[PDB]
$ cat input_22.cif   # mmCIF, C-alpha atoms and all ligand atoms
data_structure
loop_
_atom_site.label_atom_id
_atom_site.label_comp_id
_atom_site.auth_asym_id
_atom_site.auth_seq_id
_atom_site.Cartn_x
_atom_site.Cartn_y
_atom_site.Cartn_z
CA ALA A 265 -9.58 -21.61 -6.23
CA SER A 266 -6.50 -22.91 -8.13
CA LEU A 267 -3.53 -21.83 -10.30
CA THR A 268 -5.29 -21.33 -13.68
CA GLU A 269 -7.76 -19.17 -11.78
CA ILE A 270 -4.83 -17.41 -10.26
CA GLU A 271 -3.29 -16.82 -13.75
CA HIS A 272 -6.57 -15.41 -15.07
CA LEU A 273 -6.70 -13.15 -11.98
CA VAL A 274 -3.19 -11.79 -12.76
CA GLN A 275 -4.15 -11.19 -16.44
CA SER A 276 -7.35 -9.56 -15.41
CA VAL A 277 -5.87 -7.24 -12.75
CA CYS A 278 -3.12 -6.24 -14.96
CA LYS A 279 -5.62 -5.52 -17.80
CA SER A 280 -7.80 -3.32 -15.57
CA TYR A 281 -4.67 -1.41 -14.57
CA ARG A 282 -3.64 -0.80 -18.16
CA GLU A 283 -7.19 0.51 -18.93
CA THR A 284 -7.23 2.82 -15.88
CA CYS A 285 -3.57 3.80 -15.46
CA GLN A 286 -4.40 7.50 -16.24
CA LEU A 287 -1.28 8.13 -18.35
CA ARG A 288 0.70 5.39 -20.09
CA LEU A 289 4.12 4.96 -18.47
CA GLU A 290 5.85 5.68 -21.79
CA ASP A 291 4.08 9.04 -21.91
CA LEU A 292 5.19 9.86 -18.39
CA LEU A 293 8.79 8.80 -19.19
CA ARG A 294 9.09 10.73 -22.41
CA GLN A 295 7.76 13.86 -20.64
CA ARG A 296 10.71 13.85 -18.22
CA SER A 297 12.64 16.35 -20.31
CA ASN A 298 9.75 18.81 -19.96
CA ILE A 299 10.66 20.71 -16.77
CA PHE A 300 9.14 23.97 -15.36
CA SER A 301 11.54 26.92 -15.93
CA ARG A 302 12.84 28.92 -12.94
CA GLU A 303 10.18 31.55 -13.85
CA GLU A 304 7.38 29.01 -13.86
CA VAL A 305 8.55 27.67 -10.44
CA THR A 306 8.55 31.21 -9.14
CA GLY A 307 4.95 31.73 -10.53
CA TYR A 308 3.89 28.66 -8.56
CA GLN A 309 5.72 29.79 -5.37
CA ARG A 310 3.86 33.08 -5.54
CA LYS A 311 0.31 31.61 -5.57
CA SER A 312 -1.63 31.70 -2.33
CA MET A 313 -1.94 28.53 -0.28
CA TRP A 314 -5.67 28.57 -1.39
CA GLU A 315 -4.90 28.51 -5.04
CA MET A 316 -2.34 25.71 -4.59
CA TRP A 317 -4.95 23.82 -2.54
CA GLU A 318 -7.44 24.16 -5.47
CA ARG A 319 -4.83 22.91 -7.89
CA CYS A 320 -3.81 19.96 -5.66
CA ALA A 321 -7.48 19.10 -5.06
CA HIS A 322 -8.16 19.04 -8.81
CA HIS A 323 -4.99 16.99 -9.37
CA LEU A 324 -6.12 14.43 -6.70
CA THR A 325 -9.71 14.15 -7.64
CA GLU A 326 -8.66 13.38 -11.17
CA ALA A 327 -6.15 10.66 -9.91
CA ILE A 328 -8.88 9.20 -7.63
CA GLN A 329 -11.30 8.96 -10.56
CA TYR A 330 -8.92 6.46 -12.26
CA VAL A 331 -8.52 4.49 -9.05
CA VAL A 332 -12.31 4.18 -8.76
CA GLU A 333 -12.39 3.07 -12.42
CA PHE A 334 -9.67 0.49 -11.50
CA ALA A 335 -11.65 -0.91 -8.47
CA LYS A 336 -14.79 -1.15 -10.52
CA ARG A 337 -12.93 -3.25 -13.13
CA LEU A 338 -11.68 -5.66 -10.39
CA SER A 339 -13.12 -9.19 -10.53
CA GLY A 340 -13.84 -9.64 -6.85
CA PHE A 341 -14.65 -6.04 -6.03
CA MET A 342 -18.00 -5.63 -7.81
CA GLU A 343 -19.19 -8.87 -6.26
CA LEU A 344 -18.66 -7.27 -2.83
CA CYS A 345 -21.56 -5.48 -1.20
CA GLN A 346 -22.20 -1.78 -1.78
CA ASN A 347 -21.05 -0.91 1.78
CA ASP A 348 -17.78 -2.91 1.52
CA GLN A 349 -16.94 -1.22 -1.84
CA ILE A 350 -17.41 2.16 -0.24
CA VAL A 351 -15.41 1.23 2.93
CA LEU A 352 -12.53 -0.10 0.81
CA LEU A 353 -12.36 2.94 -1.49
CA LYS A 354 -12.66 5.50 1.29
CA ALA A 355 -9.80 3.82 3.18
CA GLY A 356 -7.71 2.81 0.16
CA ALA A 357 -8.15 5.05 -2.89
CA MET A 358 -5.61 7.69 -1.59
CA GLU A 359 -3.06 4.97 -0.66
CA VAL A 360 -3.32 3.77 -4.23
CA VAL A 361 -2.73 7.27 -5.53
CA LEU A 362 0.38 7.53 -3.30
CA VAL A 363 1.73 4.29 -4.78
CA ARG A 364 0.87 5.37 -8.38
CA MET A 365 2.81 8.57 -7.86
CA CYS A 366 6.20 6.75 -8.28
CA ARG A 367 5.55 6.37 -12.09
CA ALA A 368 5.42 10.21 -12.43
CA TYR A 369 8.46 10.74 -10.18
CA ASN A 370 11.94 11.19 -11.78
CA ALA A 371 14.75 10.16 -9.31
CA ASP A 372 17.53 11.81 -11.29
CA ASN A 373 16.40 15.30 -10.60
CA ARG A 374 13.76 14.62 -7.88
CA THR A 375 10.91 16.04 -9.89
CA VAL A 376 7.26 15.07 -10.29
CA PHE A 377 4.75 15.56 -13.10
CA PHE A 378 2.20 18.17 -12.03
CA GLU A 379 -0.08 20.15 -14.36
CA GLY A 380 1.73 19.22 -17.57
CA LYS A 381 5.47 19.46 -16.67
CA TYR A 382 7.97 18.19 -14.14
CA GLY A 383 9.00 20.21 -11.07
CA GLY A 384 10.78 19.77 -7.73
CA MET A 385 9.33 19.94 -4.23
CA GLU A 386 9.95 23.67 -4.15
CA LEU A 387 7.06 24.09 -6.62
CA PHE A 388 4.71 23.40 -3.67
CA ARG A 389 6.20 25.89 -1.28
CA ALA A 390 3.10 28.14 -0.92
CA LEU A 391 1.15 25.20 0.58
CA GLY A 392 3.07 25.55 3.83
CA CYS A 393 3.25 21.70 4.06
CA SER A 394 6.87 21.03 3.65
CA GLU A 395 7.21 18.12 6.18
CA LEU A 396 4.36 16.20 4.53
CA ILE A 397 5.50 17.11 0.92
CA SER A 398 8.92 15.92 1.58
CA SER A 399 7.54 12.60 3.15
CA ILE A 400 5.51 12.07 -0.01
CA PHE A 401 8.63 12.70 -2.16
CA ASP A 402 10.62 10.24 -0.03
CA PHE A 403 7.96 7.64 -0.33
CA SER A 404 7.91 8.09 -4.15
CA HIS A 405 11.71 8.06 -4.25
CA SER A 406 11.94 4.76 -2.42
CA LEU A 407 9.30 3.05 -4.65
CA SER A 408 11.05 4.42 -7.67
CA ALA A 409 14.24 2.54 -6.77
CA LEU A 410 12.31 -0.75 -7.29
CA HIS A 411 11.68 0.06 -10.98
CA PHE A 412 8.17 -1.44 -10.76
CA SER A 413 6.70 -2.89 -13.97
CA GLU A 414 3.14 -1.86 -14.78
CA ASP A 415 1.88 -5.33 -13.87
CA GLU A 416 3.68 -5.18 -10.51
CA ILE A 417 2.04 -1.81 -9.76
CA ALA A 418 -1.26 -3.29 -10.98
CA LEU A 419 -0.97 -6.20 -8.49
CA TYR A 420 0.43 -4.19 -5.59
CA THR A 421 -2.19 -1.44 -5.85
CA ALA A 422 -4.90 -4.11 -6.09
CA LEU A 423 -3.58 -5.46 -2.78
CA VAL A 424 -3.62 -1.94 -1.35
CA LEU A 425 -7.32 -1.69 -2.09
CA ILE A 426 -8.48 -5.22 -1.18
CA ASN A 427 -7.46 -5.30 2.46
CA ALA A 428 -9.69 -7.02 4.99
CA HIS A 429 -8.31 -4.99 7.93
CA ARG A 430 -10.40 -1.92 7.11
CA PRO A 431 -12.69 -1.10 9.99
CA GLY A 432 -16.43 -1.25 9.10
CA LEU A 433 -16.49 -4.16 6.65
CA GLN A 434 -19.53 -6.34 7.02
CA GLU A 435 -18.44 -9.32 4.90
CA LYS A 436 -14.87 -9.52 6.21
CA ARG A 437 -14.38 -13.12 5.21
CA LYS A 438 -15.26 -12.48 1.59
CA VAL A 439 -12.73 -9.63 1.51
CA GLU A 440 -10.16 -11.92 3.12
CA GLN A 441 -10.59 -14.54 0.45
CA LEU A 442 -10.05 -12.01 -2.30
CA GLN A 443 -7.09 -10.46 -0.51
CA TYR A 444 -5.32 -13.88 -0.11
CA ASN A 445 -5.97 -14.76 -3.71
CA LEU A 446 -4.42 -11.44 -4.81
CA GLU A 447 -1.42 -11.93 -2.47
CA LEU A 448 -0.96 -15.38 -4.00
CA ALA A 449 -1.37 -13.99 -7.55
CA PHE A 450 1.32 -11.41 -6.77
CA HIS A 451 3.82 -13.97 -5.47
CA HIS A 452 3.14 -16.25 -8.42
CA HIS A 453 3.67 -13.49 -10.96
CA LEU A 454 6.93 -12.43 -9.21
CA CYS A 455 8.16 -16.06 -9.49
CA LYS A 456 7.08 -16.32 -13.22
CA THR A 457 9.10 -13.12 -13.83
CA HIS A 458 12.13 -13.77 -11.51
CA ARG A 459 11.24 -10.72 -9.48
CA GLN A 460 10.88 -12.36 -5.99
CA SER A 461 13.60 -9.99 -4.72
CA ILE A 462 11.18 -7.03 -4.62
CA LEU A 463 9.06 -8.46 -1.78
CA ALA A 464 11.83 -7.62 0.73
CA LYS A 465 12.05 -4.04 -0.60
CA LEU A 466 8.34 -3.16 -0.38
CA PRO A 467 7.46 -0.37 2.12
CA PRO A 468 7.19 -1.81 5.68
CA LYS A 469 3.78 -2.68 7.04
CA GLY A 470 2.01 0.55 8.03
CA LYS A 471 4.26 3.10 6.29
CA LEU A 472 1.65 3.61 3.55
CA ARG A 473 -1.30 3.80 5.94
CA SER A 474 0.44 6.30 8.14
CA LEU A 475 1.59 8.47 5.22
CA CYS A 476 -1.92 8.51 3.80
CA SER A 477 -3.29 9.41 7.26
CA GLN A 478 -1.02 12.45 7.44
CA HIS A 479 -1.86 13.34 3.86
CA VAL A 480 -5.60 13.20 4.48
CA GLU A 481 -5.39 14.98 7.82
CA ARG A 482 -3.93 17.90 5.94
CA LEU A 483 -6.55 17.78 3.09
CA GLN A 484 -9.30 17.87 5.78
CA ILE A 485 -7.70 20.98 7.18
CA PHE A 486 -7.73 22.85 3.83
CA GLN A 487 -11.22 21.48 3.15
CA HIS A 488 -12.76 22.75 6.39
CA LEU A 489 -11.51 26.24 5.46
CA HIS A 490 -11.95 26.33 1.70
CA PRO A 491 -14.36 23.52 0.96
CA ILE A 492 -13.49 22.84 -2.63
CA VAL A 493 -14.26 19.16 -2.72
CA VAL A 494 -17.76 17.93 -3.47
CA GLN A 495 -19.67 14.75 -2.38
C1 LIG B 1 5.76 13.01 -4.71
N1 LIG B 1 4.66 13.78 -5.33
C2 LIG B 1 3.96 14.84 -4.78
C3 LIG B 1 3.04 15.27 -5.69
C4 LIG B 1 2.01 16.38 -5.49
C5 LIG B 1 0.61 15.69 -5.40
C6 LIG B 1 -0.53 16.72 -5.06
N2 LIG B 1 -0.12 17.42 -3.80
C7 LIG B 1 -0.88 17.21 -2.68
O1 LIG B 1 -1.83 16.49 -2.85
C8 LIG B 1 -0.80 17.69 -1.21
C9 LIG B 1 0.55 17.70 -0.53
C10 LIG B 1 0.45 18.12 0.96
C11 LIG B 1 -0.71 19.04 1.43
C12 LIG B 1 -1.92 19.21 0.51
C13 LIG B 1 -1.63 18.96 -0.96
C14 LIG B 1 1.13 18.19 -3.87
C15 LIG B 1 2.28 17.23 -4.21
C16 LIG B 1 3.14 14.37 -6.87
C17 LIG B 1 2.50 14.23 -8.10
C18 LIG B 1 2.88 13.24 -8.99
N3 LIG B 1 2.23 13.17 -10.21
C19 LIG B 1 1.44 12.12 -10.54
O2 LIG B 1 1.27 11.14 -9.84
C20 LIG B 1 0.76 12.17 -11.81
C21 LIG B 1 0.46 10.94 -12.44
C22 LIG B 1 -0.25 11.00 -13.65
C23 LIG B 1 -0.48 9.73 -14.28
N4 LIG B 1 -0.64 8.73 -14.79
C24 LIG B 1 -0.63 12.26 -14.20
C25 LIG B 1 -0.26 13.41 -13.50
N5 LIG B 1 0.42 13.34 -12.34
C26 LIG B 1 3.93 12.35 -8.70
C27 LIG B 1 4.54 12.45 -7.50
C28 LIG B 1 4.17 13.46 -6.58
#
$ encode --input "input_22.cif" --output "structure tokens"
Amino acid sequence: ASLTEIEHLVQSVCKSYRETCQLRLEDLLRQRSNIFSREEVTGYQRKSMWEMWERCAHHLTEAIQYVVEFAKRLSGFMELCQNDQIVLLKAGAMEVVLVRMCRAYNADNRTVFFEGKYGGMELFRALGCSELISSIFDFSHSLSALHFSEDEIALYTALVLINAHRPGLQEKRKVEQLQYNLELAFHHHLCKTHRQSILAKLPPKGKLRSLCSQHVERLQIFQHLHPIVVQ
């Protein structure tokens, strides 16, 4: 490994992200003025918890499909064994979705893009998950204050996936090497772009894991009762 390799890694991660980012940031930004009316919000608040679960499931499986397309474009990732790829995605794909959410979050009015328009947390009322919804909003809010560039999101979410602390990895050392190369690529790119100051503002160690845990615990509860997810 060396610095020209590290530069090509940055270019390459950031390219995979652009190809798998789901919606272009500029599309998400321009859609900010498209907000659910009070009548639309009400129509959402009236759905059963089951219908909202269906809609959130569909929303998430579609976000996860881009994250899997992202991983599969990653340099080091396809060279990892079949088991390690599965262990990393199972543990990290939802964490990556939680990070990616900040692009579709508008801090000025605390709304998120969901099914074609922006709406506030109250849109999700019928779920009966207001503690967890409001943690997810807070997490998005605090990432949103960093004003992440696409390439920064690209590198940070790559680091979210390639984490050698996942239990059940068989080639731990190989995942370690790719993790440390990504961490170094991230630092390097921050220096190139005079953005070192964001390292201190990243979510503390374990805030993401624990939020994702609580998120998935709740999905598993809806799933055991209305199994809408397949595989
Ligand atoms: C903060 N926050 C919360 C939400 C939704 C997620 C689903 N929910 C659940 O899974 C649970 C919540 C708890 C219990 C089960 C259901 C309910 C709450 C959300 C969506 C977005 N939107 C995009 O990322 C987005 C990005 C793209 C792109 N590119 C395209 C479309 N949307 C942004 C911020 C968000």
$ residues_around --input "input_22.cif" --residues "residue A:281" --least-positions-apart "6" --cutoff "10 Å" --atoms "only C-alpha atoms" --output "PyMOL selection string"
chain A and resi 275+330-331+333-335+337-338+414-415+417-419+421-422
$ residues_near_ligand --input "input_22.cif" --ligand "ligand LIG 1 (chain B)" --cutoff "8 Å" --atoms "only C-alpha atoms and all ligand atoms" --output "JSON, numbers by chain"
{"A": [285, 286, 287, 288, 289, 292, 316, 317, 320, 321, 323, 324, 327, 361, 362, 364, 365, 366, 367, 368, 369, 375, 376, 377, 378, 379, 380, 385, 388, 391, 392, 393, 394, 396, 397, 398, 400, 401, 402, 403, 404, 405, 479, 482, 483, 486]}
$ closest_residue --input "input_22.cif" --among "A:384, A:312, A:300, A:340" --to "residue A:442" --atoms "only C-alpha atoms"
A:340
$ residues_around --input "input_22.cif" --residues "stretch 308-310 of chain A" --least-positions-apart "5" --cutoff "7 Å" --atoms "only C-alpha atoms" --output "compact mmCIF listing (two decimals) with C-alpha atoms, keeping the file's coordinate frame"
# COMPACT_ATOMS: atom_id res chain seq x y z
CA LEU A 387 7.06 24.09 -6.62
CA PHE A 388 4.71 23.40 -3.67
CA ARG A 389 6.20 25.89 -1.28
CA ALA A 390 3.10 28.14 -0.92
$ closest_residue --input "input_22.cif" --among "A:457, A:445, A:284, A:478" --to "residue A:339" --atoms "all atoms listed in the file"
A:445
$ atom_distance --input "input_22.cif" --atom1 "atom CA of residue A:344" --atom2 "atom CA of residue A:435"
8.0 Å
$ atom_distance --input "input_22.cif" --atom1 "atom CA of residue A:408" --atom2 "atom CA of residue A:359"
15.8 Å
$ closest_residue --input "input_22.cif" --among "A:425, A:299, A:293, A:371" --to "residue A:336" --atoms "only C-alpha atoms"
A:425
$ closest_residue --input "input_22.cif" --among "A:283, A:266, A:406, A:273" --to "residue A:468" --atoms "all atoms listed in the file"
A:406
$ closest_residue --input "input_22.cif" --among "A:298, A:487, A:370, A:460" --to "residue A:314" --atoms "only C-alpha atoms"
A:487
$ closest_residue --input "input_22.cif" --among "A:358, A:456, A:439, A:428" --to "residue A:326" --atoms "only C-alpha atoms"
A:358
$ atom_distance --input "input_22.cif" --atom1 "atom CA of residue A:449" --atom2 "atom CA of residue A:271"
7.1 Å
$ residues_around --input "input_22.cif" --residues "residue A:459" --least-positions-apart "6" --cutoff "12 Å" --atoms "all atoms listed in the file" --output "PDB file with C-alpha atoms, keeping the file's coordinate frame"
ATOM      1  CA  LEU A 410      12.310  -0.750  -7.290  1.00  0.00           C
ATOM      2  CA  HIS A 411      11.680   0.060 -10.980  1.00  0.00           C
ATOM      3  CA  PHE A 412       8.170  -1.440 -10.760  1.00  0.00           C
ATOM      4  CA  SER A 413       6.700  -2.890 -13.970  1.00  0.00           C
ATOM      5  CA  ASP A 415       1.880  -5.330 -13.870  1.00  0.00           C
ATOM      6  CA  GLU A 416       3.680  -5.180 -10.510  1.00  0.00           C
ATOM      7  CA  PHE A 450       1.320 -11.410  -6.770  1.00  0.00           C
ATOM      8  CA  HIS A 451       3.820 -13.970  -5.470  1.00  0.00           C
ATOM      9  CA  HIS A 452       3.140 -16.250  -8.420  1.00  0.00           C
ATOM     10  CA  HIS A 453       3.670 -13.490 -10.960  1.00  0.00           C
ATOM     11  CA  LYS A 465      12.050  -4.040  -0.600  1.00  0.00           C
TER      12      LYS A 465
END
$ residues_around --input "input_22.cif" --residues "residue A:345" --least-positions-apart "3" --cutoff "12 Å" --atoms "all atoms listed in the file" --output "list in words"
residues 340, 341, 342, 348, 349, 350, 351, 352, 433, 434, 435, 436, 438 and 439 of chain A
$ residues_around --input "input_22.cif" --residues "residue A:297" --least-positions-apart "3" --cutoff "9 Å" --atoms "only C-alpha atoms" --output "ChimeraX atom specification"
/A:293-294,381-382
